[PDB]
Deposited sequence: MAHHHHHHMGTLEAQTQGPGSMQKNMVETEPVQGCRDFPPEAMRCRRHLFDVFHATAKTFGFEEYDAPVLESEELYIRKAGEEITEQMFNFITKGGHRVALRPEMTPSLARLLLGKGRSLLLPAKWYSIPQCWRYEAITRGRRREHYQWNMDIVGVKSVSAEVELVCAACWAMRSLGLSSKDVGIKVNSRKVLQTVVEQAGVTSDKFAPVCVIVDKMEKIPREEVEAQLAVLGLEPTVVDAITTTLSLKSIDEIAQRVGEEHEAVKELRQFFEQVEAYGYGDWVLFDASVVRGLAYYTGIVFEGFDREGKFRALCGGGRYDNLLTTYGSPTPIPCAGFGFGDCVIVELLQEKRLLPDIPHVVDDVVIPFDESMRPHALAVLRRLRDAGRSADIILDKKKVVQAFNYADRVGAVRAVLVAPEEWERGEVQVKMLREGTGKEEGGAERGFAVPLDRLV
(Lines of atoms letter the chains of each structure in order from A and count residues from 1; the text may use other names and numbers.)
(Lines give C-alpha, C1' and ligand atoms only; values in the text may rest on other atoms or scores of the structure.)
Protein backbone atom coordinates (compact mmCIF):
# COMPACT_ATOMS: atom_id res chain seq x y z
CA UNK A 1 0.00 0.00 0.00
CA UNK A 2 1.67 3.18 -1.32
CA UNK A 3 1.44 6.51 0.56
CA UNK A 4 -1.75 8.24 -0.64
CA UNK A 5 -1.07 11.54 1.15
CA UNK A 6 1.08 14.09 -0.69
CA UNK A 7 4.61 15.19 0.25
CA UNK A 8 4.87 17.32 3.41
CA UNK A 9 3.24 20.78 3.21
CA UNK A 10 1.87 20.30 -0.32
CA UNK A 11 -1.66 20.14 -1.75
CA UNK A 12 -3.44 17.69 -4.03
CA UNK A 13 -6.01 19.18 -6.41
CA UNK A 14 -8.59 16.56 -7.37
CA UNK A 15 -11.35 17.88 -9.69
CA UNK A 16 -13.53 19.29 -6.85
CA UNK A 17 -10.63 21.32 -5.43
CA UNK A 18 -9.28 22.14 -8.90
CA UNK A 19 -12.58 23.82 -9.84
CA UNK A 20 -12.09 26.14 -6.84
CA UNK A 21 -8.52 27.01 -7.85
CA UNK A 22 -9.57 27.53 -11.46
CA UNK A 23 -12.39 29.84 -10.32
CA UNK A 24 -9.70 31.95 -8.63
CA UNK A 25 -7.17 31.76 -11.45
CA UNK A 26 -9.83 32.67 -14.03
CA UNK A 27 -10.24 35.93 -12.12
CA UNK A 28 -6.50 36.59 -11.95
CA UNK A 29 -6.22 36.02 -15.69
CA UNK A 30 -9.42 37.95 -16.47
CA UNK A 31 -8.25 40.91 -14.37
CA UNK A 32 -4.80 40.94 -15.97
CA UNK A 33 -6.45 40.91 -19.42
CA UNK A 34 -8.82 43.70 -18.36
CA UNK A 35 -5.81 45.75 -17.23
CA UNK A 36 -3.62 45.01 -20.28
CA UNK A 37 -0.99 42.84 -18.54
CA UNK A 38 1.01 40.23 -20.54
CA UNK A 39 1.59 36.75 -19.20
CA UNK A 40 5.11 35.34 -18.61
CA UNK A 41 6.74 32.40 -16.84
CA UNK A 42 10.15 31.14 -15.68
CA UNK A 43 11.60 28.07 -14.13
CA UNK A 44 10.44 27.21 -10.65
CA UNK A 45 14.10 26.13 -10.23
CA UNK A 46 16.36 29.19 -10.00
CA UNK A 47 19.93 29.66 -8.78
CA UNK A 48 20.23 30.35 -5.02
CA UNK A 49 22.40 33.44 -5.67
CA UNK A 50 19.23 35.14 -6.95
CA UNK A 51 17.86 35.52 -3.37
CA UNK A 52 21.00 36.31 -1.23
CA UNK A 53 19.85 39.86 -0.20
CA UNK A 54 21.53 39.80 3.28
CA UNK A 55 18.80 41.61 5.23
CA UNK A 56 17.18 38.97 7.48
CA UNK A 57 14.11 38.56 5.23
CA UNK A 58 11.80 35.75 6.31
CA UNK A 59 11.26 34.86 2.65
CA UNK A 60 14.97 34.15 2.12
CA UNK A 61 15.36 32.57 5.59
CA UNK A 62 12.59 30.07 4.74
CA UNK A 63 14.10 29.19 1.36
CA UNK A 64 13.44 25.70 -0.08
CA UNK A 65 16.91 25.06 -1.49
CA UNK A 66 19.37 22.26 -2.35
CA UNK A 67 22.57 21.27 -4.19
CA UNK A 68 22.41 19.47 -7.56
CA UNK A 69 24.42 16.31 -8.27
CA UNK A 70 26.63 18.66 -10.33
CA UNK A 71 27.29 20.81 -7.24
CA UNK A 72 25.22 23.89 -8.13
CA UNK A 73 23.30 25.85 -5.46
CA UNK A 74 19.60 26.20 -6.58
CA UNK A 75 16.19 26.70 -4.99
CA UNK A 76 12.52 26.28 -5.63
CA UNK A 77 11.57 29.94 -5.88
CA UNK A 78 10.31 31.60 -2.66
CA UNK A 79 8.99 34.45 -4.82
CA UNK A 80 8.82 35.52 -8.45
CA UNK A 81 10.10 39.09 -8.47
CA UNK A 82 13.80 38.10 -8.74
CA UNK A 83 12.96 35.86 -11.71
CA UNK A 84 11.10 38.76 -13.36
CA UNK A 85 14.11 41.01 -12.80
CA UNK A 86 16.40 38.38 -14.41
CA UNK A 87 14.17 38.27 -17.48
CA UNK A 88 14.12 42.08 -17.63
CA UNK A 89 17.91 42.39 -17.20
CA UNK A 90 18.30 39.76 -19.94
CA UNK A 91 16.18 41.72 -22.42
CA UNK A 92 17.99 45.03 -21.81
CA UNK A 93 17.42 47.60 -24.57
CA UNK A 94 15.19 45.30 -26.67
CA UNK A 95 12.50 45.46 -23.96
CA UNK A 96 10.00 48.10 -24.94
CA UNK A 97 8.72 50.18 -22.02
CA UNK A 98 6.52 50.55 -20.21
CA UNK A 99 5.88 46.81 -19.74
CA UNK A 100 3.06 45.23 -17.74
CA UNK A 101 3.78 41.56 -16.97
CA UNK A 102 1.91 38.95 -14.90
CA UNK A 103 2.09 35.31 -13.88
CA UNK A 104 0.53 32.88 -11.44
CA UNK A 105 3.65 30.96 -10.19
CA UNK A 106 3.72 28.31 -7.53
CA UNK A 107 6.28 29.48 -4.91
CA UNK A 108 7.98 27.46 -2.15
CA UNK A 109 9.32 27.43 1.41
CA UNK A 110 10.90 25.13 3.98
CA UNK A 111 9.66 25.65 7.57
CA UNK A 112 2.44 24.53 7.90
CA UNK A 113 2.34 24.76 4.08
CA UNK A 114 5.50 24.61 1.93
CA UNK A 115 3.89 25.77 -1.34
CA UNK A 116 1.41 28.34 -2.57
CA UNK A 117 0.36 29.94 -5.84
CA UNK A 118 0.91 33.68 -6.05
CA UNK A 119 -0.54 35.93 -8.70
CA UNK A 120 2.14 38.46 -9.61
CA UNK A 121 1.53 41.76 -11.36
CA UNK A 122 4.34 44.13 -12.16
CA UNK A 123 4.67 47.37 -14.09
CA UNK A 124 8.12 48.23 -15.44
CA UNK A 125 9.44 51.58 -16.74
CA UNK A 126 6.95 53.92 -15.02
CA UNK A 127 8.43 56.50 -12.62
CA UNK A 128 5.10 57.96 -11.47
CA UNK A 129 2.62 56.67 -8.90
CA UNK A 130 0.15 55.92 -11.71
CA UNK A 131 1.84 52.48 -11.68
CA UNK A 132 0.96 51.90 -8.02
CA UNK A 133 -2.55 53.20 -8.67
CA UNK A 134 -3.11 50.72 -11.51
CA UNK A 135 -1.68 47.83 -9.48
CA UNK A 136 -3.77 48.62 -6.42
CA UNK A 137 -6.89 48.97 -8.60
CA UNK A 138 -6.17 45.57 -10.22
CA UNK A 139 -5.97 43.95 -6.78
CA UNK A 140 -9.31 45.52 -5.80
CA UNK A 141 -10.78 44.53 -9.19
CA UNK A 142 -9.91 40.87 -8.60
CA UNK A 143 -11.42 40.90 -5.12
CA UNK A 144 -14.57 42.63 -6.43
CA UNK A 145 -14.75 40.08 -9.25
CA UNK A 146 -14.73 37.32 -6.59
CA UNK A 147 -17.79 38.97 -4.97
CA UNK A 148 -16.06 40.93 -2.22
CA UNK A 149 -17.03 44.53 -1.51
CA UNK A 150 -15.23 47.49 0.05
CA UNK A 151 -17.17 46.56 3.19
CA UNK A 152 -15.35 43.20 3.19
CA UNK A 153 -11.79 44.27 2.46
CA UNK A 154 -9.47 47.19 1.85
CA UNK A 155 -5.92 48.09 0.90
CA UNK A 156 -3.66 49.91 3.35
CA UNK A 157 -1.17 52.20 1.61
CA UNK A 158 2.05 53.87 2.76
CA UNK A 159 5.43 55.15 1.52
CA UNK A 160 8.83 53.98 2.82
CA UNK A 161 10.34 57.37 1.94
CA UNK A 162 8.84 58.98 5.06
CA UNK A 163 10.73 56.53 7.26
CA UNK A 164 13.77 56.81 4.97
CA UNK A 165 13.89 60.54 5.71
CA UNK A 166 13.76 59.77 9.45
CA UNK A 167 16.56 57.17 9.21
CA UNK A 168 18.50 59.64 7.01
CA UNK A 169 17.93 62.58 9.39
CA UNK A 170 19.02 60.34 12.30
CA UNK A 171 22.49 59.78 10.76
CA UNK A 172 23.10 55.69 7.03
CA UNK A 173 21.19 54.57 3.90
CA UNK A 174 22.73 51.06 3.92
CA UNK A 175 20.89 49.98 7.10
CA UNK A 176 17.43 51.01 5.81
CA UNK A 177 16.47 47.57 4.42
CA UNK A 178 17.27 45.62 7.63
CA UNK A 179 15.34 48.30 9.55
CA UNK A 180 12.20 47.97 7.38
CA UNK A 181 12.42 44.17 7.78
CA UNK A 182 12.42 44.39 11.60
CA UNK A 183 9.84 47.20 11.73
CA UNK A 184 7.58 45.04 9.54
CA UNK A 185 7.45 42.55 12.45
CA UNK A 186 5.66 45.08 14.73
CA UNK A 187 2.24 43.39 14.35
CA UNK A 188 6.75 43.88 20.60
CA UNK A 189 9.70 44.76 22.86
CA UNK A 190 11.46 42.01 20.86
CA UNK A 191 11.36 44.25 17.76
CA UNK A 192 12.90 47.10 19.80
CA UNK A 193 15.69 44.67 20.76
CA UNK A 194 16.29 43.79 17.08
CA UNK A 195 16.71 47.48 16.17
CA UNK A 196 19.26 47.76 19.00
CA UNK A 197 20.90 44.51 17.86
CA UNK A 198 21.31 46.22 14.47
CA UNK A 199 22.83 49.27 16.20
CA UNK A 200 22.16 52.99 15.77
CA UNK A 201 17.42 57.05 20.00
CA UNK A 202 16.34 56.78 16.35
CA UNK A 203 14.17 53.85 17.54
CA UNK A 204 11.74 56.29 19.20
CA UNK A 205 11.26 58.42 16.07
CA UNK A 206 10.52 55.23 14.12
CA UNK A 207 7.77 54.12 16.53
CA UNK A 208 6.05 57.53 16.45
CA UNK A 209 6.08 57.82 12.64
CA UNK A 210 4.58 54.31 12.32
CA UNK A 211 1.76 55.53 14.59
CA UNK A 212 0.91 58.72 12.64
CA UNK A 213 -2.75 58.25 11.70
CA UNK A 214 -2.95 60.44 8.56
CA UNK A 215 -1.11 62.15 5.70
CA UNK A 216 -1.75 65.65 7.10
CA UNK A 217 0.13 64.43 10.21
CA UNK A 218 2.86 63.17 7.87
CA UNK A 219 2.68 66.57 6.16
CA UNK A 220 2.98 68.23 9.61
CA UNK A 221 6.29 66.43 10.02
CA UNK A 222 7.40 66.26 6.34
CA UNK A 223 5.91 69.43 4.85
CA UNK A 224 3.05 69.45 2.33
CA UNK A 225 5.56 68.53 -0.43
CA UNK A 226 7.79 65.71 0.72
CA UNK A 227 8.04 63.26 -2.19
CA UNK A 228 5.96 60.87 -0.08
CA UNK A 229 3.19 63.43 0.61
CA UNK A 230 2.92 64.58 -3.02
CA UNK A 231 2.92 60.92 -4.13
CA UNK A 232 0.27 59.69 -1.72
CA UNK A 233 -2.16 62.54 -2.55
CA UNK A 234 -1.52 61.89 -6.23
CA UNK A 235 -2.11 58.19 -5.49
CA UNK A 236 -5.37 58.69 -3.58
CA UNK A 237 -6.67 61.25 -6.10
CA UNK A 238 -6.15 58.79 -8.99
CA UNK A 239 -7.71 55.84 -7.14
CA UNK A 240 -10.65 58.09 -6.19
CA UNK A 241 -11.01 59.14 -9.83
CA UNK A 242 -10.89 55.48 -10.97
CA UNK A 243 -13.79 54.85 -8.57
CA UNK A 244 -12.20 52.71 -5.85
CA UNK A 245 -11.84 55.35 -3.11
CA UNK A 246 -13.74 53.24 -0.58
CA UNK A 247 -11.21 50.41 -1.08
CA UNK A 248 -8.01 52.24 -0.08
CA UNK A 249 -6.69 54.10 2.92
CA UNK A 250 -3.49 55.36 4.51
CA UNK A 251 -1.66 53.44 7.25
CA UNK A 252 1.80 54.54 8.41
CA UNK A 253 2.65 51.17 10.00
CA UNK A 254 2.68 49.38 6.60
CA UNK A 255 6.27 48.73 5.44
CA UNK A 256 6.19 45.15 4.05
CA UNK A 257 8.85 42.56 4.88
CA UNK A 258 10.89 42.72 1.67
CA UNK A 259 14.18 44.56 1.32
CA UNK A 260 13.85 46.08 -2.12
CA UNK A 261 10.78 48.32 -1.72
CA UNK A 262 11.80 51.99 -2.04
CA UNK A 263 8.54 53.95 -2.28
CA UNK A 264 4.82 53.26 -2.02
CA UNK A 265 4.05 49.94 -0.33
CA UNK A 266 0.63 48.35 0.21
CA UNK A 267 -1.24 45.45 1.71
CA UNK A 268 -4.70 43.94 1.25
CA UNK A 269 -6.68 43.09 4.37
CA UNK A 270 -10.06 41.88 5.58
CA UNK A 271 -12.00 44.54 7.48
CA UNK A 272 -12.94 42.11 10.29
CA UNK A 273 -9.30 41.66 11.37
CA UNK A 274 -9.51 37.88 11.03
CA UNK A 275 -6.91 37.06 8.38
CA UNK A 276 -3.31 37.68 7.37
CA UNK A 277 -2.59 39.96 4.41
CA UNK A 278 -4.44 39.00 1.21
CA UNK A 279 -1.86 40.62 -1.07
CA UNK A 280 1.22 42.79 -0.77
CA UNK A 281 3.45 44.89 -2.97
CA UNK A 282 5.10 48.21 -3.68
CA UNK A 283 7.71 50.13 -5.64
CA UNK A 284 11.23 48.76 -6.07
CA UNK A 285 13.18 51.28 -8.17
CA UNK A 286 16.67 50.00 -7.27
CA UNK A 287 16.36 46.22 -7.65
CA UNK A 288 17.54 46.08 -11.26
CA UNK A 289 20.44 48.46 -10.49
CA UNK A 290 21.38 45.92 -7.81
CA UNK A 291 21.31 43.04 -10.34
CA UNK A 292 23.69 45.05 -12.56
CA UNK A 293 21.54 47.20 -14.89
CA UNK A 294 23.57 50.15 -16.25
CA UNK A 295 20.40 52.30 -16.36
CA UNK A 296 18.02 52.49 -13.37
CA UNK A 297 14.70 50.78 -14.07
CA UNK A 298 11.60 51.87 -12.13
CA UNK A 299 9.43 48.90 -11.13
CA UNK A 300 6.41 48.27 -8.96
CA UNK A 301 4.16 45.29 -8.38
CA UNK A 302 2.43 42.92 -6.01
CA UNK A 303 1.85 39.31 -5.08
CA UNK A 304 -1.50 37.88 -4.21
CA UNK A 305 -1.69 34.41 -2.68
CA UNK A 306 -4.21 31.65 -3.23
CA UNK A 307 -4.99 30.69 0.39
CA UNK A 308 -5.94 33.68 2.52
CA UNK A 309 -8.34 34.85 -0.21
CA UNK A 310 -9.97 31.39 -0.22
CA UNK A 311 -10.39 31.24 3.58
CA UNK A 312 -11.91 34.70 3.38
CA UNK A 313 -14.23 33.77 0.50
CA UNK A 314 -15.28 30.63 2.41
CA UNK A 315 -16.07 32.74 5.49
CA UNK A 316 -18.18 35.10 3.31
CA UNK A 317 -19.96 32.15 1.61
CA UNK A 318 -18.59 33.22 -1.79
CA UNK A 319 -17.13 29.82 -2.73
CA UNK A 320 -20.12 27.63 -3.36
CA UNK A 321 -19.21 24.17 -4.62
CA UNK A 322 -18.96 24.41 -8.41
CA UNK A 323 -20.31 21.17 -9.86
CA UNK A 324 -18.87 19.76 -13.09
CA UNK A 325 -20.99 20.39 -16.20
CA UNK A 326 -21.13 19.10 -19.78
CA UNK A 327 -23.54 19.99 -22.60
CA UNK A 328 -24.39 16.54 -23.93
CA UNK A 329 -24.10 12.93 -22.88
CA UNK A 330 -24.53 10.52 -25.79
CA UNK A 331 -26.18 7.25 -24.84
CA UNK A 332 -25.97 4.22 -27.13
CA UNK A 333 -29.17 2.22 -26.68
CA UNK A 334 -26.86 -0.80 -26.82
CA UNK A 335 -23.49 -1.87 -28.25
CA UNK A 336 -24.83 -2.25 -31.81
CA UNK A 337 -25.63 1.52 -31.75
CA UNK A 338 -22.12 2.57 -30.63
CA UNK A 339 -20.77 3.47 -34.10
CA UNK A 340 -23.88 5.59 -34.70
CA UNK A 341 -23.56 7.14 -31.22
CA UNK A 342 -19.95 7.99 -32.10
CA UNK A 343 -20.94 9.77 -35.32
CA UNK A 344 -23.42 11.84 -33.30
CA UNK A 345 -20.71 12.49 -30.66
CA UNK A 346 -18.55 13.84 -33.50
CA UNK A 347 -21.31 16.19 -34.72
CA UNK A 348 -21.90 17.58 -31.22
CA UNK A 349 -18.21 18.29 -30.64
CA UNK A 350 -17.67 19.63 -34.18
CA UNK A 351 -20.24 22.30 -33.25
CA UNK A 352 -18.38 23.46 -30.12
CA UNK A 353 -20.36 21.51 -27.54
CA UNK A 354 -18.83 19.53 -24.68
CA UNK A 355 -20.05 15.96 -24.85
CA UNK A 356 -19.44 12.55 -23.37
CA UNK A 357 -20.44 9.19 -24.68
CA UNK A 358 -21.19 6.33 -22.35
CA UNK A 359 -17.87 4.47 -22.71
CA UNK A 360 -18.75 1.35 -20.76
CA UNK A 361 -21.55 -1.15 -21.38
CA UNK A 362 -24.66 -0.28 -19.32
CA UNK A 363 -28.47 -0.05 -19.35
CA UNK A 364 -30.14 3.18 -20.50
CA UNK A 365 -31.46 4.15 -17.05
CA UNK A 366 -27.94 3.83 -15.53
CA UNK A 367 -26.61 5.97 -18.37
CA UNK A 368 -29.24 8.64 -17.55
CA UNK A 369 -28.26 8.63 -13.86
CA UNK A 370 -24.63 8.92 -14.93
CA UNK A 371 -25.55 11.85 -17.21
CA UNK A 372 -27.24 13.57 -14.25
CA UNK A 373 -24.26 12.77 -12.00
CA UNK A 374 -21.74 14.46 -14.35
CA UNK A 375 -24.04 17.51 -14.64
CA UNK A 376 -25.08 17.02 -18.27
CA UNK A 377 -27.49 19.65 -19.65
CA UNK A 378 -29.15 17.09 -21.95
CA UNK A 379 -28.99 13.36 -22.73
CA UNK A 380 -28.97 12.20 -26.35
CA UNK A 381 -30.18 8.61 -26.69
CA UNK A 382 -29.19 6.86 -29.94
CA UNK A 383 -31.66 4.00 -30.48
CA UNK A 384 -32.38 1.77 -33.54
CA UNK A 385 -35.96 2.93 -34.24
CA UNK A 386 -35.05 6.64 -34.26
CA UNK A 387 -31.82 6.09 -36.18
CA UNK A 388 -33.84 4.60 -39.05
CA UNK A 389 -35.91 7.81 -39.13
CA UNK A 390 -32.64 9.82 -39.22
CA UNK A 391 -33.18 10.76 -35.57
CA UNK A 392 -32.15 10.54 -31.93
CA UNK A 393 -34.04 11.07 -28.68
CA UNK A 394 -33.07 14.20 -26.73
CA UNK A 395 -34.01 14.89 -23.10
CA UNK A 396 -33.27 18.15 -21.26
CA UNK A 397 -32.10 17.66 -17.67
CA UNK A 398 -32.09 21.26 -16.32
CA UNK A 399 -37.54 12.55 -24.63
CA UNK A 400 -38.56 14.34 -27.86
CA UNK A 401 -37.12 12.97 -31.13
CA UNK A 402 -34.86 15.22 -33.24
CA UNK A 403 -33.14 15.12 -36.66
CA UNK A 404 -29.34 14.82 -36.60
CA UNK A 405 -28.97 18.21 -38.31
CA UNK A 406 -31.15 19.98 -35.69
CA UNK A 407 -29.14 18.78 -32.65
CA UNK A 408 -26.49 21.51 -32.82
Gaps in the model (deposited sequence, numbered from 1): 1-25, 137-141, 202, 219-221, 235-236, 435-446
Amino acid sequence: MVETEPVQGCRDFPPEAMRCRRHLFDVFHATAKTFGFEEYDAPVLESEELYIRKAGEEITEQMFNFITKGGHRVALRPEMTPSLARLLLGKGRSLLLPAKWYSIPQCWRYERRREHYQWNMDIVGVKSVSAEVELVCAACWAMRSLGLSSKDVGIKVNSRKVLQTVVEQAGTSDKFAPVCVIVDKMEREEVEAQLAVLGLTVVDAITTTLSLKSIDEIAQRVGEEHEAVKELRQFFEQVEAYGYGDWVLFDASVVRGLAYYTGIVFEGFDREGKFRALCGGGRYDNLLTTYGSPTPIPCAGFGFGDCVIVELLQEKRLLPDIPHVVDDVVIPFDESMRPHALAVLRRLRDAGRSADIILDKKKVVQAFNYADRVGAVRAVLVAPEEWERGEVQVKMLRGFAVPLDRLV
From here on, numbers count along this sequence of modelled residues.
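C-alpha atoms forming the largest set that superposes within 1.5 Å between two forms make up the rigid core.
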Which of the two stretches, 69-77 versus 87-95, has its Cα atoms farther on average from this form in 9 other deposited structures of this protein when everything is superposed by the rigid core? 69-77
Superposing the other structures by the rigid core, the farther-displaced stretch by RMS over CA atoms in 9 other deposited structures of this protein, of 271-279 and 219-227, is 219-227
Which has the higher mean CA temperature factor in the PDB entry, 278-286 or 154-162? 154-162
Between 204-212 and 324-332 (mean CA B-factor, as deposited), the higher: 204-212
Top Cα B factor in the deposited entry, candidates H226, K91, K100, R144: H226
Highest recorded Cα temperature factor - choice among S253, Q169, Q314, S83: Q169
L45 by Cα B-factor - lowest, middle or highest third of the modelled chain: lowest
Name the third of the chain's ranked CA B-factors that contains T262, choosing lowest, middle or highest. middle
C-alpha B factor of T31, ranked within the chain: lowest, middle or highest third? lowest
Sorting by Cα B-factor within the chain, modelled residues only, which third would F37 end up in: lowest, middle or highest? lowest
For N369, does the deposited CA B-factor place it in the lowest, middle or highest third of the chain? middle
